[PDB]
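In C-alpha cells, the next block holds one chain alone, the form deposited without the DNA.
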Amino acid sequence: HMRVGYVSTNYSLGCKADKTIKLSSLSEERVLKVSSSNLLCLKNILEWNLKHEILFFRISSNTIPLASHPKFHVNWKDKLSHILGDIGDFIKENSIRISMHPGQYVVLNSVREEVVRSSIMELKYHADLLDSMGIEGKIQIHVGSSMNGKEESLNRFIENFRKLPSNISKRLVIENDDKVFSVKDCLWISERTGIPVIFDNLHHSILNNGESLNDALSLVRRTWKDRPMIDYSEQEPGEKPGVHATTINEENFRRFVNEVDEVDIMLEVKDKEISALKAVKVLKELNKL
C-alpha cells in the first residue's frame, strides 16, 4: 500500500520535462515552445512511469517557464488546454498522485511585503497549472524565514496563509527542514490551519525533538485526510549534513519501509528514476507496492 515517486524529469528516457528559459529570452513564442516540449516529455514520463509501476510524481516548477514573473503574460492555459487536459486525464485515469515543490524562493512568511507578494504569485502559477490539468495534487513548501525568531515566524506564516485564495490554500502542504523548522513546528502550524505535513526523513534525522521515525510518522499521518506523502532521502557519504545522496541505498531503504506503510514515498535522490526502479523492486518483494 505504498506508491513510489521521483522528481521533475527522467534522465534515462531522454525527454527533458524541466527545461526553463532565461529572463532575457522571454517571449510568447519561446514560452509556448518550451512549455509544449516540457509537457510532451511529461506525458511520456507519466506513461513510462505507469509501465514501471511508479504511481507518484513531482511535476517540475519549470513546466511553464517564467510563469509567475511580472513581465510574463502568456495565455498558456488556453493555448495549451489540449495537452494539459490530456495529461490530467491520464493522471486521473491511472491513479497517479502528484506533488509540486516551488522551492526556496517561495517564502510565504517573509517580513518583506514584496517577497510575500512574489511568493503568492509563484504559488498561484502552481495552482493554475494543476487546475489546468483538472487534477488536485499538493503544493509543498517549507515554512520559510526565521526572521524575528521562531514563534513570530510561525505566526507570520499562519497569518499570510489565511490570506491565500482557496485554489492555493486547499493544495498547500508544509515540510520540515533541516535548519530551523522541525516536525514539531510544522505540527504546531497544522493544528491551527489544517495544513498537512510532509515528513522528510533526512531532515528529521538532522533536526528533531527526539521523536522516532515511527512516532513522527504517526503524528504527521493525522494531519492528512487522505494517504500521507513522505519525502525520502539519504545522506551522501563524505558530504556535509543534508546533502542528498546520489542514489538510494537498498539496505537503508529496506530498513525504512519495514517500519512504514500506507504512505506515498517521493525519492529525493540525484539519480531520479534509477532509484525509483530500485525502490519498486524492494516494495514488490516486500508485498508493499
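All residue numbers refer to positions in the sequence shown, first residue = 1.
The same protein has a further form, the form solved in complex with the DNA, not shown here; the description that follows concerns it.
From the list 67-75, 182-190, 87-95, 129-137, the contact stretch for the DNA in the entry with it bound under a 4.5 Å heavy atom rule is 67-75. Shown alone here, residue 281 lies farther than 4.5 Å from the DNA in the entry with it bound, counting heavy atoms only. Among residues of the shown chain, residue 276 is not one whose heavy atoms approach the DNA to within 4.5 Å in the entry with it bound. In the entry with it bound, no heavy atom of residue 160 sits within 4.5 Å of the DNA. The DNA is not drawn, but in the entry with it bound it has a heavy atom within 4.5 Å of residue 61. Shown without its partner, this chain lists 212, 81, 167, 104 as candidates; in the entry with it bound, only 104 has a non-hydrogen atom within 4.5 angstroms of the DNA.
Heavy atoms closer than or equal to 4.5 Å to the DNA in the entry with it bound belong, across 243-276, to the residues 244, 268, 269, 270, 272, ordered by sequence position.
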